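> Generate coordinates for the sequence data below:
(4 chains, ligands or ions: 10)
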Amino acid sequence: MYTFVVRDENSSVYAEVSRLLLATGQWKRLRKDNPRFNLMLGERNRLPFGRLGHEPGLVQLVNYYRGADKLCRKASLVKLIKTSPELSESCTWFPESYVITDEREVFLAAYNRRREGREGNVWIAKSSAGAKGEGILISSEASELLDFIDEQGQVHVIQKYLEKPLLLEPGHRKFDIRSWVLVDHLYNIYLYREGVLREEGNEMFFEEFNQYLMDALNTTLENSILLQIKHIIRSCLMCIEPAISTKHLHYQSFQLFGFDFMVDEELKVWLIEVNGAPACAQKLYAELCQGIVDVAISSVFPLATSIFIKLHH
Amino acid sequence: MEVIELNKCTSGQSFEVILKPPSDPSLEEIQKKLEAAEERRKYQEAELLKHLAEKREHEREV
Amino acid sequence: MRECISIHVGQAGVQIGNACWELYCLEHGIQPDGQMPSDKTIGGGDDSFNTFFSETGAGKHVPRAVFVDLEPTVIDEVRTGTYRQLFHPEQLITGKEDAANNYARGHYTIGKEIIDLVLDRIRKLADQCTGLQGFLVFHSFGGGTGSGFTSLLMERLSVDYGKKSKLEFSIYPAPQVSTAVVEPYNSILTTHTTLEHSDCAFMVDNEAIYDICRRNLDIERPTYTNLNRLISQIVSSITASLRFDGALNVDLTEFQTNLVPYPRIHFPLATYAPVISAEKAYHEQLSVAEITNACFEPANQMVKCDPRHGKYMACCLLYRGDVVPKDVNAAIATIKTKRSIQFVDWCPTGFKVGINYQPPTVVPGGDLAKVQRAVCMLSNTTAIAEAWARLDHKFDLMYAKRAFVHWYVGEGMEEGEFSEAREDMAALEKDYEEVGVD
Amino acid sequence: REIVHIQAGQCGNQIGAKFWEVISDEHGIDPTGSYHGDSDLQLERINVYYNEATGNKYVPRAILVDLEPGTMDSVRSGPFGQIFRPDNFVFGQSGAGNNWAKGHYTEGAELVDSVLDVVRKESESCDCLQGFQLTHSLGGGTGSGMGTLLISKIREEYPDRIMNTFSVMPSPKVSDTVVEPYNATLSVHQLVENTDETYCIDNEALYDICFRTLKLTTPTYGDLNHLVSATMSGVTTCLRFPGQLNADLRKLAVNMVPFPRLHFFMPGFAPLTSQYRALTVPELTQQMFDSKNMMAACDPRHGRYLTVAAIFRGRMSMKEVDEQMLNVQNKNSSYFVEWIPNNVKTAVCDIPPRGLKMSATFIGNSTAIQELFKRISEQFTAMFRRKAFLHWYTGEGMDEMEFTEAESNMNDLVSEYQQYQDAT
Ligand SMILES: O=C(Cc1ccc(-c2ccc(OCCN3CCN(C(=O)CC4CC4)CC3)cc2)cn1)NCc1ccccc1
Ligand SMILES: Nc1nc2c(ncn2[C@@H]2O[C@H](COP(=O)(O)OP(=O)(O)OP(=O)(O)O)[C@@H](O)[C@H]2O)c(=O)[nH]1
Ligand SMILES: Nc1nc2c(ncn2[C@@H]2O[C@H](COP(=O)(O)OP(=O)(O)O)[C@@H](O)[C@H]2O)c(=O)[nH]1
Ligand SMILES: [Ca+2]
Ligand SMILES: [Ca+2]
Ligand SMILES: [Ca+2]
Ligand SMILES: [Ca+2]
Ligand SMILES: [Mg+2]
Ligand SMILES: [Mg+2]
Ligand SMILES: [Mg+2]
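Numbers count the residues shown, from 1 in each chain, chains lettered A, B, ... in the order given. Ligands and ions are numbered 1, 2, ... in the order given. Dropping the coordinates below:
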């Protein structure tokens, strides 16, 4: 049968994955450092990608894409969106962002321009090292931000704040959407058909959001939002495929991604960020993890409907 | 993307293509270490043979 | 004409040299008896092919080669083989018992008592050289001879020939193909003690060659002959500039100049295409664009790594066969528009290109088919450091328990050498990292 | 690369005679020393164990040693009696009385120089000797004591040559005398100091195999020696036949022994014989790693494999072999240490043994070999705590101190194995 290792005890998603793998009766969990494995549920920092695929007679799969941090870190994401021709110099779905190769002058120029226009200047300062709540600093005065920017250790990025977001009006509520995307070894892009809006736990599933759109705005989740969401997912993942694809490599990669979007009042979807090690909604761990096993793992190590929208390309 | 320094000849040709510009120990010490390794070997062997000599002393004693 | 001396050390070195000189003779039209009918230069000549062969008064073309092993069956096969009379006895130097996969045995214990003879036999060849460029050293990282004695010979060739380039052709150890388990030790030790004496080293991972032979020659059980003939295909494509008319890499110094800006990082990744089975009934012959593109698939690299994660320092494309510059340039444009090729900010983002019109020569009855064009790409990319990492890791796993160390200490070595060499390897690893990532 | 063979004592000589019978058959040499085989693969590596004699007869490079003439009378009379060089029968007349002291200190010392003379005259005619192999038991007096003394002397004279042994461990289930744990305990210490590799052949395992598996209700020493000779042929296969790797005794030992004292191997063989069914590669590998196929009476799952070598023999698909090996490992990978990367190696010999179309020989350096030494130790202590039977040894000049030292060194050896069984 197949063997696998778990080098990240903190992964709830892959904790469930390993549990179910063991329950199938055809998978053997080795010790963290055993090299004779078929699958690695690897760590999040310095995953030894260089030591994979050199094990005689073992097909080795791992749950991470080398180079995917270019998309999962806001500084890197901004650089990729600005530079890569695949994404426009200013594509219509990413906020005006500046990482402070240093663009202090350019963000100062545009912020003076919006200063004199007198009709939009709310920005946001954040870093890829925000401590699960700490680090964010929204400010109408960007002098405040820049001053403290330099009064901070690591690099920061300044995005244009969503002044006029969509509001779940039975409460005048701001929200963001989380979508889960699996990329398998073939680089098929599978979108998880169930997202969440961040009611119990401040969590609203898609059926309720869809019914709300139908009743209030006479629209549907699909048409108003999900087409844009699929477009952005496809754009982002197709942009970096040449850099990260393991199609002709000695080891293979799959990865779960968490895409954070928010929606303005005109029902236009914006990309907030991409998270490479996402958590999951409590009620859907059982379904999503089973889908991961079916599509990303058993696809490579076969045994003896779909919960996924295949974002073809 | 410019081609550069092209040299040809009856048995081939060579050139360069540019797509963007930019932005010892002495013998004495070898010897005086090989010999140190050899003397370490000799010490190990001497201790071995002296251990054997001890056992032969013991055999005669028995 | 600027002569070069080839030194094959150990079993891997000797057998790969057998392959290389067979291929060289076929390419230059030299028969197993040393006669070169096309050489109208009876008794001498300044021809480029004379860089690797000397000429006798009777029209014999004798390699400027030295074969050395600590046990003689490997070289006995040479002495009794097809090219037995290609060589003359003094070039074939052998001992009685070998280093038993022990770096200490080959470097210290037995090496000390054959080194003077080997260097004398080498000087006897250097004396036949109006001007000597240096040496091409072939050896394995894994064997006791190919590591220990090779490092000794390099250390003291630096002393005796201090103004002369030394290039390495090193076989990187692969568990699938090997009989040993202690090769991380020998590789780390020999690399540490030889690094300051090797100007440019071309590593070949037995894993990569094995899988290449399996996939593209359709050979489930490749022999050392298969891997060695492929290795000489690469080696010949590398040394053709020295053995043939041209303007690129005509000097052993030029290899460093074009590929090694940093002396410590002198391990260029080699990629080669196409490799096509001779059992293929008919094959759709591949274009300049298809082979140049193949030069960027890791499945064709002599070491399995990902150049995408890492930066280039230099690149040479060496074509043999029906190739013209404009096709090469077209292909380069296409590939740049579709592949991740990032150079360091302080090296031109360009390619040095060389072309021999003579198509690749392949051994009759071998497993490689004739092709009207082939290419070998030599790229100094930091991604090759992966191969170091792997090896280092293996080292760390065994040395943490001092497993097998007593075999080395028993021959005079100290654990201090183990740890000194490993720290040199750590320094080299983050030297690659510093040049490599942001 | 010449090897010198030495067989000492009753068990040693009997097992050595069987080994020479087997490999002489494999190499095509008849009892007269004349070659009558049908392939040059039989001869390319024949100088390893045979000298070329006048008329190009082949004579084993074997020295036969005993302190009494009985077993060597039988050997010189047996199937291949007349092939051994007459000068190489070196015997005394008294015996050793199953007493380690008599073989090592009194009766043996009177003859060890005579034996070393023949050892020397065989070594001089060696182009390049790679080492020695000894066959002997540890439970008697001649094999046990005198062979360890010979090993010490050989190390003195040939300090830089490989010394390997096929050593038969005593077991109560098949026992000649009660003092066997004493002799064994004293011999093992010697081996720990003075052998590069010792293949531990446990008569307990041989008896259990001949009874439970071959279904032989009353096994004789011949039935166990059949298995022992099969294993000995398997172990030495890579040196005796030309298709194989290029490794002398020293290289194989270098790659199989990670620590000097822990060089006691568990032999194994498959299939077990005493049939016509073509045995498959998967079955060969499974049986080969099965404890019921192993010559040391230890459970490999109670320990961990430091290194493993397997020699398959016969016409088979190396792809299938190497898939099945990778199966048996990657499957049960908790019994291989993770600090010795790629510690399992496999050779395939295109020539099979006789009677069997496919065979596999298993050489495993496992920390489970403890279980043998603790067994012996227990027996040792069970008597030594009452000084029982010590008068047999004190009467030949030995002191209790020596028994205490031998007990301590082996309890240390057990402890060393425990240390490398817990390491991670
Ligand atoms: O040690 C003994 C008994 C003994 C111990 C160990 C070993 C051993 C066996 C296999 C091995 O690896 C072999 C694997 N490779 C084989 C080639 N491969 C290729 O792919 C060829 C390549 C593509 C072209 C696959 C890999 C290493 C060691 C062998 N034998 N000694 C005998 C003795 C004992 C006691 C007294 C006297 C004598
Ligand atoms: N490609 C290739 N590799 C070889 C060949 N022979 C040996 N090797 C490699 O070399 C390693 C062991 O070193 P060897 O070449 O066998 O022996 P050595 O370097 O001469 O050292 P000694 O055995 O003591 O003489 C193994 O890991 C093999 O992978 C060969 O003919 N071709
Ligand atoms: N495998 C095997 N073991 C034997 C044989 N004969 C004796 N033994 C074992 O070895 C011990 C006796 O050793 P012996 O051969 O007499 O050697 P000596 O006593 O030194 O001459 C006993 O404890 C037996 O278990 C034999 O023919 N085959
Ligand atoms: Ca000429
Ligand atoms: Ca130098
Ligand atoms: Ca007497
Ligand atoms: Ca004498
Ligand atoms: Mg994110
Ligand atoms: Mg060798
Ligand atoms: Mg007896």
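> show me the residues around the closest residue in space to residue D:76 that isn't next to it in sequence that make contact.
With sequence-adjacent residues excluded and distances taken as Cβ to Cβ, 6 or more residues apart in numbering or on different chains, residue D:76 is closest to residue D:89, at 6.5 Å. All C-beta atoms are positioned from the backbone trio N, CA, C, and that covers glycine. With contact taken as Cβ atoms under 8 Å, 6 or more residues apart in numbering or on different chains, residue D:89 is in contact with D:64, D:72, D:76.
> The second one and chain C, how far apart?
When you say that, I think you mean residue D:72. To chain C, residue D:72 is 33 Å away according to Cβ to the nearest Cβ, to the nearest Å.
> want to throw the contacts of residue D:89 into a markdown table with neighbour count, distance to residue B:8 and secondary structure?
Listed next are the contacts of residue D:89 as a markdown table, based on neighbours: other Cβ atoms under 10 Å in any protein chain shown; distance: Cβ to Cβ, whole Å; DSSP: H, G, I helix; E, B strand; the rest coil:
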| residue | neighbour count | distance to residue B:8 | secondary structure |
| --- | --- | --- | --- |
| D:64 | 25 | 79 | strand |
| D:72 | 21 | 84 | helix |
| D:76 | 17 | 84 | helix |
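> Switch those residues over to a markdown table; also include distance to residue C:313.
Converted to a markdown table, the contacts of residue D:89 look like this (distance: Cβ to Cβ, whole Å):
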| residue | distance to residue C:313 |
| --- | --- |
| D:64 | 67 |
| D:72 | 73 |
| D:76 | 74 |
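> want to try JSON lines for those, with distance to ligand 10 as columns?
Output for the contacts of residue D:89, formatted as JSON lines (distance: Cβ to the ion, whole Å):
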{"residue": "D:64", "distance to ligand 10": "16"}
{"residue": "D:72", "distance to ligand 10": "14"}
{"residue": "D:76", "distance to ligand 10": "19"}
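> Ligand 4: which of those residues is nearest?
Using Cβ to the ion, residue D:64 comes nearest to ligand 4 of those, at 64.8 Å.
> which residues touch that closest one?
D:7, D:13, D:16, D:72, D:75, D:84, D:88-91.
> Helices - which of those residues land there?
Those of the contacts of residue D:64 mapping onto helices are D:13, D:16, D:72, D:75, per DSSP state H.
> Next, give me the two most distant ones among those.
For those, the maximum inter-member distance is 10.7 Å, found between D:16 and D:72 (Cβ to Cβ).
> Pretty sure residue D:255 sits in a helix.
Yes. Looking at residue D:255 with DSSP: H, G, I helix; E, B strand; the rest coil, it is inside a helix.
> Pull up the gap between it and residue C:183, please.
Remark: distance between residue D:255 and residue C:183 (Cβ to Cβ, to the nearest Å) = 10 Å.
> Spell out which residues are contacts of both of these two.
residue C:101.
> Give me the more crowded residue out of these two.
residue C:183 (28 against 24; other Cβ atoms under 10 Å in any protein chain shown).
> For the single nearest residue of chain A relative to ligand 1, grab the count of nearby residues.
Nearest residue of chain A to ligand 1, counting by Cβ to the nearest ligand atom: residue A:56, 9.8 Å away. Residue A:56: 15 surrounding residues under other Cβ under 10 Å.
> And residue C:124, by the same measure?
With other Cβ under 10 Å as criterion, residue C:124 counts 12.
> Am I right that it is in contact with residue C:90?
Yes. Counting by Cβ atoms under 8 Å, residue C:90 is a contact partner of residue C:124 at 6.8 Å.
> if you go through the stretch 151-300 of chain C in chain order, where are the strands?
C:165-172, C:200-205, C:269-273 (DSSP state E, counting those that start in this stretch).
> For the shortest one, name the packing helices and strands.
This points to strand C:269-273. helix C:224-243, helix C:288-294, strand C:373-381 (3 or more Cβ pairs under 8 Å, 6 or more residues apart in numbering or on different chains; DSSP states H and E).
> what about that strand and ligand 2, any contact?
No. Taking Cβ under 6 Å from any ligand atom as the criterion, strand C:269-273 and ligand 2 are apart, separated by no less than 13.7 Å.
> tell me the angle of that strand relative to strand C:165-172?
Counting by axes from the mean of the first three to the mean of the last three Cα atoms, to 10 degrees, strand C:269-273 lies at 70 degrees to strand C:165-172.
> does any part of the helix or strand harbouring residue A:229 sit near chain C?
Following DSSP states H and E, one finds residue A:229 within helix A:227-239. No. Using Cβ under 8 Å from any Cβ of the partner chain, we find that helix A:227-239 stays clear of chain C, coming within 11.9 Å at best.
> what's in contact with the helix or strand just after that helix?
Where DSSP H and E defines the elements, the next helix or strand beyond helix A:227-239 is helix A:241-244. Surrounding helix A:241-244, the residues in contact under the criterion Cβ under 8 Å, 6+ apart are A:65-68, A:70, A:187, A:253, C:308, C:338-340.
> From those, list the buried ones, please.
Neighbour-count burial (16 or more other Cβ atoms under 10 Å in any protein chain shown) applied to those gives A:65-68, A:70, A:187, A:253, C:308, C:340.
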